[PDB]
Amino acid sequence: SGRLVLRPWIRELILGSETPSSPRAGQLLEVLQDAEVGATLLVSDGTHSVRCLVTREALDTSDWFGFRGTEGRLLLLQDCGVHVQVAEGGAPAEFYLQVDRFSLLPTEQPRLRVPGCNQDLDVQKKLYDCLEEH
């Protein structure tokens, strides 16, 4: 017997050129900005983390209020899009996810630290390819 695991997907979603059709599952690490604009979440795939912007569109077309309290729960991102926040205060630009539809999963688990996906060299190369063509 054993347990089923989720495999990383964030880095692949960013390096890919196509928009994610199928959904992605990851763990909710932190609620940066909860819902009352959408909400800002820190999501992990076990290997990397990414800030996800859950649009208002997604908050309305959802079952269910507020994400705080579900930290550690798995999260289904049904509608994703990789975007680029541009450099502002000293900090460079970063990739992030805009989520237009999501769904909470039952599995709850301890939260483990993970590096940000923008710290990955392949991701970084691609970022500095978007900025030098935008």
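From 1 onward, residues are counted along the sequence shown.
Counting the deposited residues that fall between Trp64 and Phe65 and carry no coordinates gives a value of 4 to 9.
According to the record, 10 or more deposited residues between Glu36 and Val37 are left without atomic coordinates. Checked against the record, the higher mean CA B factor of 55 to 63 and 97 to 105 lies with 55 to 63. The stretch with the higher mean CA B factor, choosing between 9 to 17 and 114 to 122, is 9 to 17. Of the candidates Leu29, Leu77, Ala87, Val50, the deposited coordinates give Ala87 the top C-alpha B factor. Of the candidates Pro92, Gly46, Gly69, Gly81, it is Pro92 whose Cα B-factor is highest according to the PDB record.
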